[PDB]
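Chain by chain, the residues:
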Amino acid sequence: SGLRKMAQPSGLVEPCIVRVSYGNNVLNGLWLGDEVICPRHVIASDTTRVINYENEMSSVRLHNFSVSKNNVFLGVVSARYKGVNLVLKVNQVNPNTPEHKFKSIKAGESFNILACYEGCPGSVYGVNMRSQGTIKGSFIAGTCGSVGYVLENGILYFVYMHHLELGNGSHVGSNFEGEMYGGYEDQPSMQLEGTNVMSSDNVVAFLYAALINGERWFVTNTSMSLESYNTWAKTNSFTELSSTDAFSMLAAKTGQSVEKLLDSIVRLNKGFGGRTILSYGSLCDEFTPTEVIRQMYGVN
Amino acid sequence: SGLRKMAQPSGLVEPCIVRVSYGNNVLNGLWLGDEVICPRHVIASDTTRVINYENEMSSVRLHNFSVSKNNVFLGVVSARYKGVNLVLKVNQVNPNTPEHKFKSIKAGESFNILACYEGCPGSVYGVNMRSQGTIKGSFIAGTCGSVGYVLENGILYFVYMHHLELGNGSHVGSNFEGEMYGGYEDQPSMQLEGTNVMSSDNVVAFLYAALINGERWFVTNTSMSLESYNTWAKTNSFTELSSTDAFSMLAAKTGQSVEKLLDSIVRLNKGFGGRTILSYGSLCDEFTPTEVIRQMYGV
């Protein structure tokens, strides 16, 4: 069973998705307790040109918001910005609010996206946060407000809320404190993403998955120390490898030390030639050590 | 923008998942009404040797089954085989049984898998049915009994239950009528998969997505008519293309009419020459035209 991207189940999250419209703008929000959070650009008069958010808020009329789960309509009793998110106090507590926390995702970490269309959950898939604070997902007009979440040992953390797409196609969102990942502005502007730095952690994990799957052609039987690799990485847009401790059970299971995979990376970064790994034509950094271990052995 | 294999939400299915054990075997079952369905091989006293299902059925002792949700067990009142599925009547109705239907998936069609580990929902991902009736999923020991479903216009359909993995890594399961997709036997035998036939309409969809996503290297100053492509298709493990009717909007926004993409397929089959398309080193037939259209400019 090769390496494919998965999402954790979505059932705890689905009951919290609501439809939010204001003016001609429609998107999704997240309903926990007596509050609904959604991108603040929903109250903007024209999201196509620069927005003066202070003015849009001063002119705001609460009864112009339409917030709904299905046939359930939520009166908005107040609205305030919390960074790039709008927080709407509403007249009903969501009876299906799951127990949860909030946290921010770091470069190289994976999480789940529940893509929603006008208030209706549509799909779910796994993503991985890139160094510049963007993700390579799949969002179309109307998916703003979609929610990113991760479950860790029974704890549900909400971690992302979708805002916009960069000119280069990458996707940008915020955490629930309202800080935009990557620092990008919620405006129609020419901001650039910048150069992305590959996660060595995840690429080493990708190669272990390939070994476990029966592909070993990139195996060198020559090992590169963690220090030599790290100096090489600072100069080739890859992150410094923490320690080799995260791969202990993977190295034991395949018989390949991390240092041999490090040597494989330096060589494979030159180019796969006419060969592939897990059907990819180049190194993949989308899978974390923990994703691979669960997917390959399932002990989580 | 962007193309990813996605799955439809699992909230309706998760409450139906249960742990079913018997002997040294532990796998998953689907709990609907007062019945639990699971792969009948959970009854095998020895899974390393050919299984005689009549004998395992004759000597069954209902008390040896253990069926539970969370740490809560259910009583097994009876057990019968329905094709390769084991059906167990239990002493209790699932109060969370969603409204549902059952249907069979055809070659080239996509559906969702809710991968489960010994009674517990662990992950959700989309798959697509191969010509020989198998899927390329990610199932590891303990995920047998995982469930395949599809949502269409608000109607939930259960379509697959996972049984086993063939020597070549391909995955085999049955429908809810108890028929194994592809007619494979539910035995620990070394049966082969058979020649895999690539779905053409899905490959064109994929190439269209690559165009929309910005890759053009594979597009050339050429066109291969519907009729001639369908001819090459027949002797090169590829299906026939009914019409170009499905691609109107894709062909319209990319500016590449279908017959040009058909030409690309014929020429990529021999290798990408080291290049990639949406990151893959070979052609992908895992996405249907509808799946791609909905993700490209939105429905």
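Residues numbered from 1 in each chain as written, not as in the entry; some residues may be left out. Chains lettered and ligands numbered in written order. Heavy atoms only, no water.

Naming follows the PDB entry, where chain B appears as Replicase, hydrolase domain of Transmissible gastroenteritis virus. The record lists its title as "Structure of coronavirus main proteinase reveals combination of a chymotrypsin fold with an extra alpha-helical domain".

Looking at the PDB entry, one finds chain A named Replicase, hydrolase domain and attributed to Transmissible gastroenteritis virus.

Give me the overall build of chain B: which residues, what numbers.
Of the regular secondary structure elements, chain B holds six helices and 13 strands. Along the three orthogonal principal directions, the C-alpha set of chain B runs to about 70 × 40 × 30 Å. The proportion of buried residues among the 299 residues of chain B is 54%. Taking as baseline every contact in chain B between residues at least 6 positions apart, the subset at least 24 positions apart corresponds to 64%. (Helix = DSSP H or I, 4+ residues; strand = E, 2+ residues; numbered from the N terminus. Buried < 20%, exposed > 50% of the residue type's maximum accessible area, 1.4 Å probe, protein only. Contact = heavy atoms within 4.5 Å.)

Before we move on, can you summarise the overall build of chain A with the specific residues and values?
Each helix and strand counted, chain A has six helices and twelve strands in total. Within the span of chain A, comprising 300 residues, buried residues form 54% of the whole. Nonlocal contacts in chain A, meaning residues at least 24 apart in sequence, comprise 64% of its contacts between residues at least 6 apart. Accessible area of chain A: about 12,900 Å², with a carbon and sulfur share of 47%. Across chain A, the centroid of the 23 positively charged side chains sits 4 Å from that of the 26 negatively charged ones. (Areas by Shrake-Rupley, 256 points an atom, 1.4 Å probe, with all protein chains shown as cover. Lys, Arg positive; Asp, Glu negative; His and termini not counted. Charge placed at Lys NZ, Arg CZ, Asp CG, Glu CD.)

Hey, could you go over the domain arrangement of chain B for me, with residue numbers and the actual values?
Residues and elements named next belong to chain B. By the assigned domains, chain B splits into domain 1 (14-97), domain 2 (98-185) and domain 3 (197-299). Counting residues at the interface gives 21 residues for domain 1, matched by 27 residues for domain 2. Carbon and sulfur atoms supply 68% of the area buried between domain 1 and domain 2, which totals about 1,800 Å² over both sides. When the buried area of domain 1 at its contact with domain 2 is split by residue, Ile17, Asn28 and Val84 rank highest and sum to 29% of it. The interface formed by domain 1 and domain 2 holds one salt bridge in total. The residue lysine 82 makes a salt bridge to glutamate 177 at a minimum N-O spacing of 3.4 Å. Counting the contacts that link domain 1 with domain 2 gives nine residue pairs in polar contact. Listed by contribution, the elements that provide at least two residues to the side of domain 1 that touches domain 2 are β1 (17-22), β2 (25-32) and β3 (35-39). It is β2 that provides the largest number of residues to the side of domain 1 that touches domain 2, a total of five residues. (Domains from an automatic or database assignment. Buried area = accessible area lost by both parts, 1.4 Å probe. Salt bridge = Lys/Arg side-chain N within 4 Å of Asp/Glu carboxyl O. Polar contact = N/O pair within 3.5 Å; in protein donor to acceptor, adjacent residues only side chain to side chain.)

Outline the nonpolar core, supporting the account with residue identities and numerical values.
Ranked by size, the top nonpolar core spans 36 residues in total, and within it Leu207(B), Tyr208(B), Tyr229(B), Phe238(B), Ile265(B), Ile277(B) and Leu283(B) carry the most contacts. At the level of elements, α2 (200-212), α3 (226-233), α4 (248-254) and α5 (258-268) of chain B are the ones that each hand at least two residues to this core. Broken down by element, the residue count for this core peaks at nine residues, all from α2(B). Not counting the four nearest positions on each side in its chain, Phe238(B) is found in contact with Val197(B), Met198(B), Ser200(B), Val203(B), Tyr229(B), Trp232(B), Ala233(B), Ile265(B), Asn269(B) and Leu283(B). The next biggest cluster of nonpolar side chains, apart from the first, holds 34 residues, and it includes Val203(A), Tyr208(A), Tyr229(A) and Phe272(A). (Core = buried A, V, L, I, M, F, W, Y, C linked by side-chain atoms within 4.5 Å.)

Lay out the domain arrangement of chain A in plain terms, naming residues and giving numbers.
Residue and element names in this part refer to chain A. Under the domain assignment used here, chain A contains domain 1 (14-97), domain 2 (98-185) and domain 3 (197-299). On a C-alpha basis, the centroid separation for the pair domain 2 and domain 3 is 26 Å. In this assembly, five residues from domain 2 lie in contact with seven residues from domain 3. Of all residues in domain 2, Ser110, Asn128 and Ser131 bury the most surface against domain 3, accounting for 66% of the area lost on that side. Counting across the interface, domain 2 meets domain 3 through zero salt bridges. Joining domain 2 to domain 3, the criterion identifies four residue pairs in polar contact. Split into classes, the residues belonging to the side of domain 2 that touches domain 3 amount to no nonpolar, four polar and one charged. (Nonpolar A, V, L, I, M, F, W, Y, C, P; charged D, E, K, R; others polar.)

Requested: an account of helix α5 (residues 258-268) of chain A, with residues and values cited.
Residue and element names in this part refer to chain A. Among the eleven residues that make up α5, eight are buried, leaving the element largely enclosed by the rest of the structure. Within the sequence span of α5, burial applies to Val258, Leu261, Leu262, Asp263, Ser264, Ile265, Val266 and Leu268. Looking at the packing, one finds that the buried side of α5 touches α2 (200-212) and α3 (226-234).

Before we move on, can you summarise the packing of α2(A) against α5(A) with the specific residues and values?
All names here are of chain A. Contact pair α2 / α5: the axes reach a minimum separation of 10 Å and the direction vectors enclose 105°. When the axis of α2 is compared with that of α5, the two are roughly perpendicular. In this structure, α2 uses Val203, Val204, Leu207, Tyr208 and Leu211 to contact α5, whose residues at the interface are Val258, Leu261, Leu262, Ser264, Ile265 and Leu268. Grouping the amino acids of the contact of α2 with α5 by side-chain chemistry returns ten nonpolar, one polar and no charged. (Axes fitted to C-alpha atoms, helices over the stretch in contact; angles between N-to-C directions. Parallel < 35°, antiparallel > 145°, perpendicular 65-115°, else oblique.)

Tell me about the side chain of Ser170(A), and name the residues and values.
Residues and elements named next belong to chain A. Mapping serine 170 onto the fold places it in the loop between β11 (155-165) and β12 (171-174). Overall, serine 170 belongs to the buried group, its relative accessible area being 0%. Those residues in contact with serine 170, other than ones at most four positions away along the chain, are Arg130, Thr134, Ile135, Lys136, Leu164, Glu165 and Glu193.

Now, about the pattern of salt bridges: what can you tell me, with residues and values included?
Residue and element names in this part refer to chain A. If you walk through the whole model with that rule in mind, you get 21 salt bridges over all chains. As a salt-bridge pair, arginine 49 and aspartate 46 come within 3.4 Å of each other at their nearest N and O atoms. Connected via shared salt-bridge partners are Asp34, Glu35, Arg80 and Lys89.

Could you give an account of α5(B), with specific residues and numbers?
Residue and element names in this part refer to chain B. In terms of residue burial, α5 counts as a mostly covered element, since eight of its eleven residues are buried. Within the sequence span of α5, burial applies to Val258, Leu261, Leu262, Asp263, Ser264, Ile265, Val266 and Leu268. Those residues of α5 hidden inside the fold are in contact with α2, α3 and α4.

Give a description of the interface of chain A and chain B that names residues and reports values.
Each partner contributes residues to the interface: chain A has 39 residues there, and chain B has 39 residues. Interface area lost by chain A to chain B is led by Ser1(A), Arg4(A) and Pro9(A), which between them contribute 24%. Here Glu286(B) ties to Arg4(A) by a salt bridge, and the two come within 3.9 Å at their closest N and O atoms. Our count for the chain A to chain B interface comes out at 18 residue pairs in polar contact. The dominant element in the side of chain A that touches chain B, judged by the number of residues it contributes, is strand β9 (residues 120-128) of chain A, at seven residues. For the side of chain A that touches chain B, the class distribution of residues is 14 nonpolar, 19 polar and six charged.

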